[PDB]
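Q: Structural data only, the sequence is not supplied:
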Ligand SMILES: [Mg+2]
């Protein structure tokens, strides 16, 4: 029903704009922006649903880890605050676990807010801008999201349409509406008052809709609709963006499920054993609560958030400004990099340009027409046009036949560039006249598309007829030049369109071929170093380009790329999906493709069990970028690429992409390392508790003691994001896993339980009796009894920390530590400082308040030996695990 406003804008004219038409200095636009924002709408991106925080927090607080923390608080409530004996009502754990629940839920909500699906500027690090002219200063580039009905945006070459907009000024405006309607050939728009309600909305020669990227031209226009009211909004309503890529959410939930399984197995066993043997069911509940607290690694979401933030910040610092947080996982799993040859593999700066006649000799007339075609072009200026302009300007002082053409001629019409036609045209004319007949129609483009258009040739000394022998001769010379490494463009010229109009493809015919211009794009100085690094790291660099095969093969061979059976688009059309997948999985250089052929190639490669990353900086490559699993682009590019991309790069270089991939991999490597280490250590400690529940007459450690141990360990594990990772782990694309975590827990876990039992006995027979006498003689309620219990708890507290935090330097690498794989300095410093903090805790007022005590100095050397023994046993079990289950982590 929104079509009423659109049809009203299409009909009438600028003279009937109740919502203001004149603006940018007089339009009453300083507070009407709020009226338009509320009454009309705002530029939103609402896809299928925007459930408010009322449901967002509801679904974020039912996370399995949050459920575990809540049930820990509930059991702590149901045991330590209500069902305890009278006088034994000490909450402590209730509040200290509710705080953990809240700190997990808030961080999970923050993550899910900035976690989305593929291309989404949720982080808002880098964005896309529109040249708006508001009534304060004007000419202020603003984000596309900050656009309201009743504003003017100037549309230029490459500028994506901000919102549903009505054209006000039009100068050779051509926009590609293929992103929403098809028909990749650019559609011409004009400013008029025609009504013509009978239309499929697509044409709308007066209306420019959202997503219709401007191929060429300069045009001002007023906004008539914004937000989901735009046709882009109804297209986004059909979300169809759900994917089955295992991400951080599923991995964290699976780790929580492994913890749930281990708890559901162990806690009932401990409860049954204690209740049936000791006859103290409340003590059994305390044992179960301690086991559940120890097994569950609280302060895990904080570590996950730290890892994600560190990865995002580091990737941004490595000239790789990422988008929605799931970009890290998507890019880190890239098997195939499908890029182009322009810019990525070649320094686009053309240093070898040639203006050649039909024979192959120099002739400045061709350069003159090329300069006329380039300097009077409203479209995107590529390297060829810039090289032509610079060379002509540098040589103008020598031969003034090129004498300044910027003022002696004035543009009067233009034909844009279509991939179908491969030729761009301009009709230029002298402004001062002097001949009353000068309307040249210079056209520059490809080889065969230009030859099939021209009907006569030039040079020699005459306008010779286009003999097929001449056509074959020109084509063969062009092929020779292309195989020499230089790309060539052919120019044509027609004259005397006395009515300066009717310029269609029909008028772009029957021309005189002046000659061809040759340019060389030298290969980049990164001589396959980036290519070899990507191959080492698990990325197959495939080239998707539409240029001639000869130049592409020359460049690829110069950059050490495989010059081999190169599939052309003509073959791709004949090759069905199965054989196209076969050749794509085999070939690595694809030349002379179409914007849709690249999309088909990417789709088939992805569907053949792979992940594809397309890097593009043009209007047409977005068709394949949206078809790619991870979208990559440069900052100096068109908006249709950046909006559809995910890995926007501050510089164009494959090494930047490689470093971004490495940092993204390191994020998950450190995350899974921390998860495995914490889970295995917790399993070992609680398994020692379970196996010693039948002997010790007291709980080995209080629930508050284990909780503080875990909190200190986790807050000292915040340097895991800044931890060095072995190259052997960073050279293979990897995804989230939980089975390896479970194997690590069940294998490298009990090796700590054995020495936990050793420390149990050494406390119950060597130190606590040394300070209080034999425990059997100790009477319950005495100072000696409570002192014995507190000293045992403190001893296991200190020993457990010293073993859990110092084993990180060993289990981090599957190799010999400190000999082949050193740790990170922040990790070591944080480990040492946390260990000192825990060792100093029981000697202060915090001890004897939680239940700790000062320890005898004889207790320290036993720990010095126990830690080393644990290191050795861990190394043995680590080599066993590596050689048995393939990899350690
Ligand atoms: Mg331990």
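A: Good, I have the coordinates. Residues are numbered from 1 along each chain as shown.
Q: What is the burial count for residue 240?
A: Residues contacting residue 240 under the criterion other CB atoms under 10 Å number 9. Every residue, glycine included, has its C-beta placed from N, CA and C.
Q: just residue 10 next, same as before
A: Neighbour count of residue 10, defined by other CB under 10 Å: 22.
Q: Equivalent analysis for residue 475, please.
A: 13.
Q: Ramachandran coordinates for it?
A: phi -60, psi -40 (degrees, to the nearest 10).
Q: With residue 604 instead?
A: With angles defined as degrees, to the nearest 10, residue 604 sits at phi -70, psi -40.
Q: And the residue of the stretch 251-400 of the chain that's closest to the ion?
A: Relative to the ion, the nearest point of the stretch 251-400 of the chain is residue 294 (9.1 Å; CB to the ion).
Q: Check the secondary structure at that residue for me.
A: Secondary structure for residue 294, judged by DSSP: H, G, I helix; E, B strand; the rest coil, is helix.
Q: Pretty sure residue 741 sits against residue 255.
A: Yes. At 6.0 Å, residue 741 counts as touching residue 255 under the criterion of CB atoms under 8 Å.
Q: what residues do those two have in common as contacts?
A: Residues touching both residue 741 and residue 255 comprise 675, 679, with contact defined as CB atoms under 8 Å, 6 or more residues apart in numbering.
Q: near the ion, which residues of the stretch 551-700 of the chain show up?
A: Proximity of the stretch 551-700 of the chain to the ion is confined to residue 685 under the rule CB under 5 Å from the ion.
Q: if we can go back for a sec, quick one, what contacts the residue of the stretch 251-400 of the chain closest to the ion?
A: Taking CB under 8 Å, 6+ apart, we find residue 294 in contact with 682, 685-686, 689, 706, 710.
Q: So residue 220, which state does it fall into?
A: With three-state DSSP as the basis, residue 220 sits in strand.
Q: What is the burial count for it?
A: Using other CB under 10 Å: residue 220 sits among 20 other residues.
Q: so what's it closest to, chain neighbours aside?
A: Distances taken as CB to CB, 6 or more residues apart in numbering put residue 169 closest to residue 220, at 3.9 Å, once the chain neighbours are dropped.
Q: repeat for residue 535
A: Counting by CB to CB, 6+ apart, the residue nearest residue 535 is residue 541, at 7.1 Å.
Q: Hmm, residue 209 and residue 160 touching each other?
A: No. Counting by CB under 8 Å, residue 160 does not reach residue 209; the two are 11.4 Å apart.
Q: What is the subsequent helix or strand relative to the helix or strand hosting the residue nearest to residue 535?
A: Element membership for residue 541, per DSSP states H and E: strand 540-544. Toward the C-terminal end, the helix or strand that comes next after strand 540-544 (DSSP H and E) is helix 549-558.
Q: Between strand 540-544 and that next one, find me the angle.
A: If you take axes from the mean of the first three to the mean of the last three CA atoms, to 10 degrees, helix 549-558 sits at 160 degrees to strand 540-544.
Q: show me where the stretch 101-250 of the chain has helices.
A: 231-237, 248-277 (DSSP state H, counting those that start in this stretch).
Q: Who are the packing partners of the last one?
A: In this structure, helix 248-277 makes packing contacts with helix 64-80, helix 281-295, helix 300-317, helix 654-692, helix 739-748, judged by 3 or more CB pairs under 8 Å, 6 or more residues apart in numbering; DSSP states H and E.
Q: give me that answer again for 6 Å
A: Judged by 3 or more CB pairs under 6 Å, 6 or more residues apart in numbering; DSSP states H and E, the packing partners of helix 248-277 are helix 64-80, helix 281-295, helix 654-692.
Q: Only the buried residues of that helix, if you could.
A: 248, 251-252, 254-256, 258-260, 262-263, 266-267, 270-271, 273-275 (16 or more other CB atoms under 10 Å).
Q: Just the angle for that helix relative to helix 64-80, thanks.
A: 30 degrees.
Q: Could you list the residues in contact with stretch 201-219?
A: 10, 155-157, 159-161, 163-167, 169-177, 179-181, 186, 189-190, 192, 230-232, 378-379, 416, 619, 640 (CB atoms under 6 Å, 6 or more residues apart in numbering).
Q: Just confirm residue 354 is within a strand.
A: Yes. Using three-state DSSP, the assignment for residue 354 is a strand.
Q: Pull the contacting residues for the spatially most central residue of the chain.
A: Computing the C-alpha centroid of the chain and ranking residues by CA atoms, centre = their mean puts residue 327 first, at 2.8 Å. Residues near residue 327 by CB under 6 Å, 6+ apart: residue 646.
Q: Got phi/psi on it?
A: Phi and psi for residue 327, reported as degrees, to the nearest 10, are phi -70, psi -40.
Q: same deal with residue 418?
A: According to degrees, to the nearest 10, residue 418 has phi -120, psi 140.
Q: Skipping its backbone neighbours, what lies nearest it in space?
A: Excluding the flanking residues, the one nearest residue 418 by CB to CB, 6+ apart is residue 185, at 5.3 Å.
Q: for residue 44, same thing?
A: residue 227 (4.6 Å).
Q: what number of residues lie near that neighbour?
A: Applying the criterion other CB under 10 Å, we find 23 residues in the vicinity of residue 227.
Q: List the residues that contact it.
A: For residue 227, the contact set (CB under 6 Å, 6+ apart) comprises 41-44.
Q: most neighbours, which of those?
A: Using other CB under 10 Å as the neighbour test, these are led by residue 43, with 23 neighbours.
Q: And that residue, how far from residue 137?
A: 20 Å (CB to CB, to the nearest Å).
Q: repeat for residue 253
A: For residue 253, the distance to residue 137 - CB to CB - is 50 Å.
Q: what's the answer for residue 559, then?
A: 47 Å.
Q: more neighbours, those two?
A: Using other CB under 10 Å, the more surrounded residue of residue 559 and residue 137 is residue 559, with 22 against 8.
Q: list the contacts for that one?
A: Neighbouring residues of residue 559 by CB under 6 Å, 6+ apart: 345, 523, 528.
Q: neighbours around the residue lying closest to the second one once chain neighbours are set aside, how many?
A: Closest residue to residue 523 in three dimensions, ignoring its sequence neighbours and counting by CB to CB, 6+ apart: residue 558, at 4.4 Å. Using other CB under 10 Å, residue 558 is surrounded by 17 other residues.
Q: if I look at residue 558, how far off is the ion?
A: 57 Å (CB to the ion, to the nearest Å).
Q: gap between that residue and residue 189?
A: Distance of residue 558 to residue 189, given as CB to CB: 43 Å.
Q: now do residue 632
A: 31 Å.
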